[PDB]
>>> print(open('protein-v4.cif').read())   # mmCIF, C-alpha atoms
data_query
loop_
_atom_site.group_PDB
_atom_site.id
_atom_site.type_symbol
_atom_site.label_atom_id
_atom_site.label_comp_id
_atom_site.auth_asym_id
_atom_site.auth_seq_id
_atom_site.Cartn_x
_atom_site.Cartn_y
_atom_site.Cartn_z
ATOM 1 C CA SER A 1 -0.659 1.616 -10.657
ATOM 2 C CA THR A 2 0.716 4.609 -12.509
ATOM 3 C CA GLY A 3 3.999 5.804 -13.956
ATOM 4 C CA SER A 4 5.379 9.247 -14.825
ATOM 5 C CA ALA A 5 8.655 10.052 -16.594
ATOM 6 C CA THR A 6 10.282 13.156 -17.969
ATOM 7 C CA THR A 7 11.076 13.228 -21.682
ATOM 8 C CA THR A 8 13.846 15.441 -23.036
ATOM 9 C CA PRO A 9 14.736 16.710 -26.517
ATOM 10 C CA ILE A 10 17.974 15.189 -27.810
ATOM 11 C CA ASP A 11 19.154 18.463 -29.367
ATOM 12 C CA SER A 12 18.340 22.137 -29.902
ATOM 13 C CA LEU A 13 15.920 21.370 -32.770
ATOM 14 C CA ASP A 14 13.713 18.835 -30.956
ATOM 15 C CA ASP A 15 14.765 16.191 -33.519
ATOM 16 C CA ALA A 16 13.577 13.513 -31.078
ATOM 17 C CA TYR A 17 12.876 12.935 -27.386
ATOM 18 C CA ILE A 18 14.472 10.504 -24.901
ATOM 19 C CA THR A 19 12.976 9.091 -21.732
ATOM 20 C CA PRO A 20 14.938 7.121 -19.087
ATOM 21 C CA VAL A 21 13.949 3.434 -18.734
ATOM 22 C CA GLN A 22 15.167 0.986 -16.077
ATOM 23 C CA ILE A 23 15.918 -2.507 -17.427
ATOM 24 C CA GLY A 24 17.032 -5.557 -15.485
ATOM 25 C CA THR A 25 18.191 -6.309 -11.931
ATOM 26 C CA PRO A 26 20.067 -4.355 -10.789
ATOM 27 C CA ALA A 27 18.587 -1.602 -12.899
ATOM 28 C CA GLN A 28 20.372 -0.626 -16.080
ATOM 29 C CA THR A 29 19.104 2.799 -17.145
ATOM 30 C CA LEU A 30 18.868 3.473 -20.879
ATOM 31 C CA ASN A 31 17.497 6.550 -22.657
ATOM 32 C CA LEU A 32 14.895 5.366 -25.125
ATOM 33 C CA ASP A 33 12.882 7.012 -27.899
ATOM 34 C CA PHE A 34 9.185 6.485 -27.014
ATOM 35 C CA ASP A 35 7.575 5.786 -30.384
ATOM 36 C CA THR A 36 3.798 5.600 -30.812
ATOM 37 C CA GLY A 37 4.474 4.613 -34.451
ATOM 38 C CA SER A 38 6.111 1.225 -33.762
ATOM 39 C CA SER A 39 5.808 -1.667 -31.374
ATOM 40 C CA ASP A 40 9.272 -3.035 -30.569
ATOM 41 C CA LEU A 41 11.233 -2.252 -27.408
ATOM 42 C CA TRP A 42 14.810 -2.634 -28.637
ATOM 43 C CA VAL A 43 18.125 -1.596 -27.147
ATOM 44 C CA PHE A 44 21.799 -1.191 -27.915
ATOM 45 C CA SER A 45 23.469 -4.065 -26.063
ATOM 46 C CA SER A 46 26.571 -6.002 -25.201
ATOM 47 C CA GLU A 47 25.705 -8.043 -28.308
ATOM 48 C CA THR A 48 25.737 -5.111 -30.755
ATOM 49 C CA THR A 49 28.514 -5.218 -33.357
ATOM 50 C CA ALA A 50 31.253 -3.137 -31.712
ATOM 51 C CA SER A 51 31.855 -0.940 -34.784
ATOM 52 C CA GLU A 52 28.164 0.009 -34.725
ATOM 53 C CA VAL A 53 28.206 1.330 -31.131
ATOM 54 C CA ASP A 54 29.429 4.933 -30.675
ATOM 55 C CA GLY A 55 28.616 6.542 -27.370
ATOM 56 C CA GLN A 56 25.334 4.842 -26.557
ATOM 57 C CA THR A 57 24.624 3.170 -23.240
ATOM 58 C CA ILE A 58 24.213 -0.582 -23.653
ATOM 59 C CA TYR A 59 22.082 -3.237 -21.990
ATOM 60 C CA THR A 60 24.159 -6.192 -20.778
ATOM 61 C CA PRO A 61 21.748 -9.061 -20.128
ATOM 62 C CA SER A 62 24.428 -11.308 -18.575
ATOM 63 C CA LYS A 63 24.602 -8.772 -15.712
ATOM 64 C CA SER A 64 20.843 -8.897 -15.033
ATOM 65 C CA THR A 65 19.698 -11.619 -12.665
ATOM 66 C CA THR A 66 16.163 -11.408 -14.060
ATOM 67 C CA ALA A 67 17.135 -11.582 -17.777
ATOM 68 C CA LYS A 68 16.084 -14.728 -19.642
ATOM 69 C CA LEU A 69 16.930 -15.526 -23.257
ATOM 70 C CA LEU A 70 13.731 -16.102 -25.197
ATOM 71 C CA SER A 71 14.719 -19.273 -27.033
ATOM 72 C CA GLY A 72 14.711 -19.099 -30.815
ATOM 73 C CA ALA A 73 13.327 -15.541 -30.935
ATOM 74 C CA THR A 74 14.641 -12.902 -33.338
ATOM 75 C CA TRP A 75 13.554 -9.462 -34.472
ATOM 76 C CA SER A 76 14.239 -7.162 -37.411
ATOM 77 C CA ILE A 77 12.701 -3.796 -38.176
ATOM 78 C CA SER A 78 12.904 -1.130 -40.884
ATOM 79 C CA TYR A 79 11.612 2.367 -40.189
ATOM 80 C CA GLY A 80 9.899 4.952 -42.395
ATOM 81 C CA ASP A 81 13.086 7.031 -42.631
ATOM 82 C CA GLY A 82 15.158 4.118 -43.983
ATOM 83 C CA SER A 83 16.856 3.052 -40.762
ATOM 84 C CA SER A 84 16.849 -0.516 -39.403
ATOM 85 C CA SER A 85 18.080 -2.887 -36.703
ATOM 86 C CA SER A 86 17.875 -6.531 -35.651
ATOM 87 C CA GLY A 87 18.898 -9.101 -33.041
ATOM 88 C CA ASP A 88 17.672 -11.551 -30.390
ATOM 89 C CA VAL A 89 15.268 -11.290 -27.468
ATOM 90 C CA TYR A 90 15.349 -11.484 -23.701
ATOM 91 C CA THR A 91 12.559 -11.119 -21.208
ATOM 92 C CA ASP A 92 13.386 -8.918 -18.204
ATOM 93 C CA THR A 93 11.976 -6.363 -15.785
ATOM 94 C CA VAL A 94 11.319 -2.945 -17.286
ATOM 95 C CA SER A 95 10.231 0.148 -15.336
ATOM 96 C CA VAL A 96 9.187 3.584 -16.585
ATOM 97 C CA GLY A 97 8.749 6.374 -14.091
ATOM 98 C CA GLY A 98 7.915 4.058 -11.188
ATOM 99 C CA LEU A 99 5.740 1.680 -13.244
ATOM 100 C CA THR A 100 7.083 -1.869 -13.458
ATOM 101 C CA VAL A 101 6.440 -4.702 -15.938
ATOM 102 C CA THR A 102 7.970 -8.096 -15.266
ATOM 103 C CA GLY A 103 8.606 -10.356 -18.230
ATOM 104 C CA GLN A 104 8.807 -7.613 -20.845
ATOM 105 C CA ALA A 105 10.357 -8.569 -24.173
ATOM 106 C CA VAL A 106 13.608 -6.619 -24.450
ATOM 107 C CA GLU A 107 14.880 -6.815 -27.998
ATOM 108 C CA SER A 108 18.695 -6.859 -28.004
ATOM 109 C CA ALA A 109 20.382 -5.438 -31.115
ATOM 110 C CA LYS A 110 23.079 -7.439 -32.827
ATOM 111 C CA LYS A 111 23.013 -5.009 -35.776
ATOM 112 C CA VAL A 112 21.942 -1.377 -36.151
ATOM 113 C CA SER A 113 21.973 0.882 -39.225
ATOM 114 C CA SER A 114 24.358 3.814 -39.488
ATOM 115 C CA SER A 115 21.799 6.446 -38.531
ATOM 116 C CA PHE A 116 21.439 4.838 -35.086
ATOM 117 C CA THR A 117 25.179 4.491 -34.599
ATOM 118 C CA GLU A 118 25.591 8.173 -35.506
ATOM 119 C CA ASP A 119 23.019 9.209 -32.890
ATOM 120 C CA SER A 120 24.825 8.856 -29.556
ATOM 121 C CA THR A 121 21.867 10.139 -27.516
ATOM 122 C CA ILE A 122 19.408 7.362 -28.328
ATOM 123 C CA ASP A 123 20.013 4.005 -26.617
ATOM 124 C CA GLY A 124 17.023 2.352 -28.288
ATOM 125 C CA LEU A 125 13.276 2.560 -28.874
ATOM 126 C CA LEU A 126 10.207 1.838 -26.762
ATOM 127 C CA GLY A 127 7.279 1.163 -29.038
ATOM 128 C CA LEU A 128 3.766 2.294 -28.105
ATOM 129 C CA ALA A 129 1.750 1.428 -31.226
ATOM 130 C CA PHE A 130 -0.383 -1.705 -31.240
ATOM 131 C CA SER A 131 1.218 -5.065 -30.562
ATOM 132 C CA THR A 132 0.081 -6.371 -33.958
ATOM 133 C CA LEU A 133 3.121 -4.557 -35.420
ATOM 134 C CA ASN A 134 5.667 -6.258 -33.152
ATOM 135 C CA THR A 135 8.378 -7.864 -35.270
ATOM 136 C CA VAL A 136 9.465 -10.692 -32.950
ATOM 137 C CA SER A 137 9.475 -14.069 -34.694
ATOM 138 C CA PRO A 138 8.287 -16.799 -34.486
ATOM 139 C CA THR A 139 6.238 -15.607 -31.484
ATOM 140 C CA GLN A 140 5.031 -11.969 -31.527
ATOM 141 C CA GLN A 141 5.587 -10.059 -28.282
ATOM 142 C CA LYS A 142 3.555 -7.389 -26.479
ATOM 143 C CA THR A 143 4.428 -3.741 -25.949
ATOM 144 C CA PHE A 144 5.230 -2.235 -22.574
ATOM 145 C CA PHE A 145 1.811 -0.478 -22.469
ATOM 146 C CA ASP A 146 0.018 -3.660 -23.408
ATOM 147 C CA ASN A 147 1.769 -5.579 -20.636
ATOM 148 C CA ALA A 148 1.021 -2.810 -18.101
ATOM 149 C CA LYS A 149 -2.570 -2.033 -19.215
ATOM 150 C CA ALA A 150 -4.422 -4.321 -16.841
ATOM 151 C CA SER A 151 -2.546 -3.013 -13.791
ATOM 152 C CA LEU A 152 -2.991 0.662 -14.596
ATOM 153 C CA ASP A 153 -5.540 2.735 -12.715
ATOM 154 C CA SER A 154 -6.859 3.681 -16.167
ATOM 155 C CA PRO A 155 -5.801 2.000 -19.458
ATOM 156 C CA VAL A 156 -4.215 5.164 -20.897
ATOM 157 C CA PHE A 157 -0.931 6.891 -21.480
ATOM 158 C CA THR A 158 -0.397 10.595 -22.290
ATOM 159 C CA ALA A 159 2.263 12.471 -24.206
ATOM 160 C CA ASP A 160 3.137 16.030 -23.232
ATOM 161 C CA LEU A 161 6.146 16.922 -25.382
ATOM 162 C CA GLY A 162 7.895 20.238 -24.865
ATOM 163 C CA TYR A 163 9.029 22.879 -27.344
ATOM 164 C CA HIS A 164 12.763 23.287 -26.740
ATOM 165 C CA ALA A 165 12.139 21.967 -23.230
ATOM 166 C CA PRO A 166 11.379 18.859 -21.181
ATOM 167 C CA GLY A 167 7.973 17.238 -21.136
ATOM 168 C CA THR A 168 6.233 14.213 -19.678
ATOM 169 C CA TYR A 169 4.930 10.728 -20.483
ATOM 170 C CA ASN A 170 2.315 9.561 -17.976
ATOM 171 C CA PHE A 171 0.921 6.009 -17.661
ATOM 172 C CA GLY A 172 -2.394 5.170 -16.065
ATOM 173 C CA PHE A 173 -3.770 8.623 -15.357
ATOM 174 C CA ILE A 174 -4.649 12.018 -16.833
ATOM 175 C CA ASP A 175 -2.987 15.034 -15.225
ATOM 176 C CA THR A 176 -5.774 17.589 -15.332
ATOM 177 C CA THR A 177 -3.320 20.382 -14.476
ATOM 178 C CA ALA A 178 -1.264 19.758 -17.631
ATOM 179 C CA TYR A 179 -3.661 21.271 -20.180
ATOM 180 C CA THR A 180 -6.129 24.089 -20.744
ATOM 181 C CA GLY A 181 -9.806 23.842 -21.622
ATOM 182 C CA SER A 182 -11.075 20.327 -22.293
ATOM 183 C CA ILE A 183 -9.854 17.184 -24.020
ATOM 184 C CA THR A 184 -11.555 16.393 -27.312
ATOM 185 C CA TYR A 185 -11.658 12.702 -28.113
ATOM 186 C CA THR A 186 -11.716 11.330 -31.650
ATOM 187 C CA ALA A 187 -12.103 7.844 -33.147
ATOM 188 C CA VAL A 188 -9.108 5.591 -33.825
ATOM 189 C CA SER A 189 -8.591 2.864 -36.413
ATOM 190 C CA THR A 190 -6.201 0.115 -35.376
ATOM 191 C CA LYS A 191 -6.448 -1.638 -38.753
ATOM 192 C CA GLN A 192 -2.869 -0.693 -39.703
ATOM 193 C CA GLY A 193 -1.532 -1.127 -36.171
ATOM 194 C CA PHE A 194 -1.228 2.647 -35.658
ATOM 195 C CA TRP A 195 -2.943 5.316 -33.581
ATOM 196 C CA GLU A 196 -4.743 6.348 -36.793
ATOM 197 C CA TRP A 197 -7.361 9.093 -36.722
ATOM 198 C CA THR A 198 -8.987 11.729 -38.915
ATOM 199 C CA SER A 199 -8.370 15.443 -38.521
ATOM 200 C CA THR A 200 -11.296 17.677 -39.448
ATOM 201 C CA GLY A 201 -9.133 20.201 -41.304
ATOM 202 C CA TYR A 202 -6.658 23.065 -41.059
ATOM 203 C CA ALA A 203 -5.853 26.756 -41.195
ATOM 204 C CA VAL A 204 -2.677 28.698 -42.062
ATOM 205 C CA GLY A 205 -1.860 31.617 -39.760
ATOM 206 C CA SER A 206 -4.902 33.849 -39.279
ATOM 207 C CA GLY A 207 -6.583 32.382 -42.377
ATOM 208 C CA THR A 208 -9.985 30.728 -42.616
ATOM 209 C CA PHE A 209 -10.344 27.145 -41.481
ATOM 210 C CA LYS A 210 -10.680 24.612 -44.275
ATOM 211 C CA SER A 211 -12.956 21.723 -43.297
ATOM 212 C CA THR A 212 -11.520 18.598 -44.889
ATOM 213 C CA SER A 213 -10.873 15.063 -43.655
ATOM 214 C CA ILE A 214 -7.187 14.271 -43.147
ATOM 215 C CA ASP A 215 -6.465 10.661 -42.178
ATOM 216 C CA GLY A 216 -3.157 10.245 -40.325
ATOM 217 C CA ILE A 217 -1.228 8.735 -37.405
ATOM 218 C CA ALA A 218 -0.213 10.222 -34.050
ATOM 219 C CA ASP A 219 3.503 9.370 -34.103
ATOM 220 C CA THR A 220 5.848 10.535 -31.328
ATOM 221 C CA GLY A 221 8.713 8.800 -33.147
ATOM 222 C CA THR A 222 8.516 11.079 -36.190
ATOM 223 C CA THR A 223 10.011 14.550 -35.934
ATOM 224 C CA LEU A 224 7.989 16.483 -38.473
ATOM 225 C CA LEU A 225 4.406 17.000 -39.606
ATOM 226 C CA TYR A 226 3.709 15.205 -42.904
ATOM 227 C CA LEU A 227 0.520 16.257 -44.698
ATOM 228 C CA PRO A 228 -1.051 16.143 -48.181
ATOM 229 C CA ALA A 229 0.736 18.145 -50.819
ATOM 230 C CA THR A 230 -2.203 20.547 -51.306
ATOM 231 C CA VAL A 231 -2.164 21.449 -47.605
ATOM 232 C CA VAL A 232 1.585 21.820 -47.411
ATOM 233 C CA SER A 233 1.632 23.971 -50.551
ATOM 234 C CA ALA A 234 -1.055 26.228 -49.026
ATOM 235 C CA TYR A 235 1.121 26.624 -45.919
ATOM 236 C CA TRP A 236 4.456 27.454 -47.559
ATOM 237 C CA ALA A 237 2.769 29.851 -50.014
ATOM 238 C CA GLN A 238 2.383 32.165 -47.023
ATOM 239 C CA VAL A 239 6.155 32.327 -46.484
ATOM 240 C CA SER A 240 8.053 34.664 -48.819
ATOM 241 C CA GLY A 241 10.830 32.852 -50.581
ATOM 242 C CA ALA A 242 9.832 29.323 -49.519
ATOM 243 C CA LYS A 243 10.191 26.665 -52.179
ATOM 244 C CA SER A 244 10.229 22.905 -52.512
ATOM 245 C CA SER A 245 13.802 21.771 -53.102
ATOM 246 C CA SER A 246 14.387 18.444 -54.782
ATOM 247 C CA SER A 247 18.040 18.439 -53.769
ATOM 248 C CA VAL A 248 17.426 19.095 -50.095
ATOM 249 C CA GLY A 249 14.375 16.845 -50.031
ATOM 250 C CA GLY A 250 11.552 19.144 -49.082
ATOM 251 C CA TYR A 251 10.402 22.672 -48.418
ATOM 252 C CA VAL A 252 13.066 25.150 -47.407
ATOM 253 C CA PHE A 253 12.693 28.814 -46.511
ATOM 254 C CA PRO A 254 14.843 31.877 -45.839
ATOM 255 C CA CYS A 255 16.089 31.792 -42.284
ATOM 256 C CA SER A 256 15.122 35.488 -41.898
ATOM 257 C CA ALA A 257 11.442 34.664 -42.358
ATOM 258 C CA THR A 258 8.751 34.752 -39.675
ATOM 259 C CA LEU A 259 6.652 31.612 -39.987
ATOM 260 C CA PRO A 260 2.858 31.590 -39.666
ATOM 261 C CA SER A 261 1.152 29.236 -37.270
ATOM 262 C CA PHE A 262 -0.610 26.083 -38.446
ATOM 263 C CA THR A 263 -3.902 24.971 -36.983
ATOM 264 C CA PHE A 264 -5.330 21.433 -37.266
ATOM 265 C CA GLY A 265 -8.812 20.225 -36.363
ATOM 266 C CA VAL A 266 -9.786 17.651 -33.768
ATOM 267 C CA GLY A 267 -13.518 17.323 -34.144
ATOM 268 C CA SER A 268 -14.811 20.827 -33.480
ATOM 269 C CA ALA A 269 -11.686 21.709 -31.477
ATOM 270 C CA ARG A 270 -8.534 23.358 -32.804
ATOM 271 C CA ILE A 271 -4.847 22.874 -32.015
ATOM 272 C CA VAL A 272 -2.562 25.751 -32.924
ATOM 273 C CA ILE A 273 1.070 25.009 -33.811
ATOM 274 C CA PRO A 274 3.077 28.211 -33.321
ATOM 275 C CA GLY A 275 5.146 29.216 -36.330
ATOM 276 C CA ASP A 276 8.403 28.885 -34.333
ATOM 277 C CA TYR A 277 7.695 25.121 -33.977
ATOM 278 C CA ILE A 278 7.928 24.774 -37.787
ATOM 279 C CA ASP A 279 11.561 26.089 -38.024
ATOM 280 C CA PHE A 280 14.175 23.304 -38.137
ATOM 281 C CA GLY A 281 17.128 25.545 -38.824
ATOM 282 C CA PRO A 282 19.810 25.767 -41.510
ATOM 283 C CA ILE A 283 19.905 22.968 -44.076
ATOM 284 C CA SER A 284 23.681 22.852 -43.570
ATOM 285 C CA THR A 285 25.905 24.586 -41.028
ATOM 286 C CA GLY A 286 26.173 28.277 -41.826
ATOM 287 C CA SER A 287 23.488 28.307 -44.508
ATOM 288 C CA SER A 288 20.813 30.998 -44.656
ATOM 289 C CA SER A 289 18.346 28.467 -46.042
ATOM 290 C CA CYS A 290 16.283 26.714 -43.331
ATOM 291 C CA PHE A 291 14.406 23.420 -43.366
ATOM 292 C CA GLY A 292 10.675 23.398 -42.899
ATOM 293 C CA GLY A 293 8.828 21.440 -40.242
ATOM 294 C CA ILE A 294 5.746 20.797 -42.384
ATOM 295 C CA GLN A 295 6.407 18.525 -45.333
ATOM 296 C CA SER A 296 4.497 16.598 -47.981
ATOM 297 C CA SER A 297 3.366 13.051 -47.228
ATOM 298 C CA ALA A 298 3.172 12.201 -50.922
ATOM 299 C CA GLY A 299 5.234 9.069 -51.428
ATOM 300 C CA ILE A 300 5.019 8.174 -47.745
ATOM 301 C CA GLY A 301 1.574 6.721 -48.277
ATOM 302 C CA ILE A 302 0.244 8.087 -45.027
ATOM 303 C CA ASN A 303 -0.063 11.411 -43.242
ATOM 304 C CA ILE A 304 1.947 11.712 -40.000
ATOM 305 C CA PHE A 305 1.143 13.908 -37.042
ATOM 306 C CA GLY A 306 4.667 13.794 -35.667
ATOM 307 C CA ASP A 307 6.315 15.788 -32.910
ATOM 308 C CA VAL A 308 5.817 19.205 -34.582
ATOM 309 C CA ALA A 309 2.085 18.708 -34.149
ATOM 310 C CA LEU A 310 1.963 16.644 -30.964
ATOM 311 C CA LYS A 311 4.139 19.026 -28.920
ATOM 312 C CA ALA A 312 1.504 21.751 -29.447
ATOM 313 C CA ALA A 313 -0.964 19.515 -27.542
ATOM 314 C CA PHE A 314 -1.596 17.351 -24.514
ATOM 315 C CA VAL A 315 -2.295 13.992 -26.127
ATOM 316 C CA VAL A 316 -4.208 11.069 -24.614
ATOM 317 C CA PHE A 317 -3.614 7.620 -25.985
ATOM 318 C CA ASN A 318 -6.709 5.795 -24.672
ATOM 319 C CA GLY A 319 -6.285 2.025 -24.731
ATOM 320 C CA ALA A 320 -9.802 1.079 -23.694
ATOM 321 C CA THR A 321 -11.484 -1.861 -25.425
ATOM 322 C CA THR A 322 -12.230 0.576 -28.245
ATOM 323 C CA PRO A 323 -9.211 2.852 -28.429
ATOM 324 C CA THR A 324 -9.546 6.607 -28.912
ATOM 325 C CA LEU A 325 -7.241 9.629 -29.095
ATOM 326 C CA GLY A 326 -7.666 12.823 -27.117
ATOM 327 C CA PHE A 327 -6.176 16.270 -27.739
ATOM 328 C CA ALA A 328 -6.120 19.388 -25.571
ATOM 329 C CA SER A 329 -4.439 22.721 -25.890
ATOM 330 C CA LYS A 330 -1.841 23.535 -23.233
#
>>> encode(input="protein-v4.cif", output="structure tokens")
Amino acid sequence: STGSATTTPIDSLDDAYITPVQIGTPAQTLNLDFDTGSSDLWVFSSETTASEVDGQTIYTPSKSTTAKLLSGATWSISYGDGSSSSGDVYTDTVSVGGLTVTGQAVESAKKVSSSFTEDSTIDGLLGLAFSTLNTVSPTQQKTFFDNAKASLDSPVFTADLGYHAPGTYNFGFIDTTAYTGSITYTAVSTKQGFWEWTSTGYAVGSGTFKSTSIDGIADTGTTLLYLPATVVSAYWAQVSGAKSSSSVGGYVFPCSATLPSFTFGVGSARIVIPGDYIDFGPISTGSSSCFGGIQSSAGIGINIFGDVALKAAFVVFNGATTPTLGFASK
């Protein structure tokens, strides 16, 4: 079996991407944030505190003839940004782009943090990291990909995120028309539950490539590219007027600037992030100071190849017995 679904930026800055997911019988369609950095499928629901719901589409399990309360099960998660959510658990039928899993754990929110409430375009998350990170207690639950794996033509999913435009998540096959040249595969560590790999280095604009090992995670659920402070300093040094701002919380730059590209290494291959992808617009409405898309990972504790990097590539999440990651230009 295979599945294929279109993923859409939630706003003009590509702050995140949503993908339609069918849950329950009859189908209830929710727009979820596919997140290769976490492993819970959770949704706004009929159970969510009313004051915490503001424009989102909810899952109503009492209206699904295939929904079953998972007795005694609860979940609670806190994300790298500082947001969180929690509730109970149903099992139900979940389909993505024509691919169906029966008995998927659907985590129903009773509480969500303000940042979720304030984001009317995201109805929940669909986690695609490794199931070892799933927060359901007392019995851990499997991710959608893990449940589907055995049925897929090939145990893979691919992420093809667009710059200011729609893209695609495919399950079970590689669309050879979606990329240029070849796919370079690179080793993955699952020891932290993430799609964790090691980049072979970087370049800034037309500058010389610096060979250096950068350990990080491929994370569709993170907007920006978070790298070591030395690397990030080297990048913003090439932008006149750029500076790290304590008050804003990162590197900012004059909106009139033209940004250089940023290249990262995958083995001997190279992925080029166009400079336009690194512009996240005014820090506040009407300001001529703009927020940068490459930021320091110091104090995160891990480097993050988020959307800024991944949308410059066709990315293969290979879930074979020994997982690997593949990157191609497009």
>>> closest_residue(input="protein-v4.cif", among="A:60, A:212, A:158, A:189", to="residue 175 in chain A", atoms="all atoms listed in the file")
A:158
>>> resolve_selection(input="protein-v4.cif", expression="the PyMOL selection byres ((chain A and resi 22) around 9)", output="NGL selection string")
:A and (20-21 or 23-31 or 93-97 or 100)
>>> write_last_selection(input="protein-v4.cif", atoms="C-alpha atoms", output="compact mmCIF listing (two decimals), in the coordinates of the input")
# COMPACT_ATOMS: atom_id res chain seq x y z
CA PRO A 20 14.94 7.12 -19.09
CA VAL A 21 13.95 3.43 -18.73
CA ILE A 23 15.92 -2.51 -17.43
CA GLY A 24 17.03 -5.56 -15.48
CA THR A 25 18.19 -6.31 -11.93
CA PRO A 26 20.07 -4.36 -10.79
CA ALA A 27 18.59 -1.60 -12.90
CA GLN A 28 20.37 -0.63 -16.08
CA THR A 29 19.10 2.80 -17.14
CA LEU A 30 18.87 3.47 -20.88
CA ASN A 31 17.50 6.55 -22.66
CA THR A 93 11.98 -6.36 -15.78
CA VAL A 94 11.32 -2.94 -17.29
CA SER A 95 10.23 0.15 -15.34
CA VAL A 96 9.19 3.58 -16.58
CA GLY A 97 8.75 6.37 -14.09
CA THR A 100 7.08 -1.87 -13.46
>>> closest_residue(input="protein-v4.cif", among="A:261, A:113, A:192, A:182", to="residue 302 in chain A", atoms="all atoms listed in the file")
A:192
>>> closest_residue(input="protein-v4.cif", among="A:133, A:309, A:300, A:165", to="residue 81 in chain A", atoms="all atoms listed in the file")
A:300
>>> closest_residue(input="protein-v4.cif", among="A:168, A:140, A:57, A:117", to="residue 89 in chain A", atoms="all atoms listed in the file")
A:140
>>> axis_aligned_box(input="protein-v4.cif", around="range 121-125 of chain A", padding_each_side="5 Å", output="JSON")
{"center_x": 17.6, "center_y": 6.2, "center_z": -27.7, "size_x": 18.6, "size_y": 17.8, "size_z": 12.3}
>>> atom_distance(input="protein-v4.cif", atom1="CA of residue 269 in chain A", atom2="CA of residue 154 in chain A")
24.1 Å
>>> residues_around(input="protein-v4.cif", residues="residue 254 in chain A", least_positions_apart="4", cutoff="10 Å", atoms="all atoms listed in the file", output="PyMOL selection string")
chain A and resi 239-243+258+281-282+287-292
>>> closest_residue(input="protein-v4.cif", among="A:136, A:224, A:234, A:150", to="residue 71 in chain A", atoms="all atoms listed in the file")
A:136
>>> closest_residue(input="protein-v4.cif", among="A:61, A:275, A:286, A:82", to="residue 116 in chain A", atoms="all atoms listed in the file")
A:82
>>> residues_around(input="protein-v4.cif", residues="range 43-54 of chain A", least_positions_apart="6", cutoff="6 Å", atoms="all atoms listed in the file", output="VMD selection string")
chain A and resid 60 108 to 111 117 123 to 124
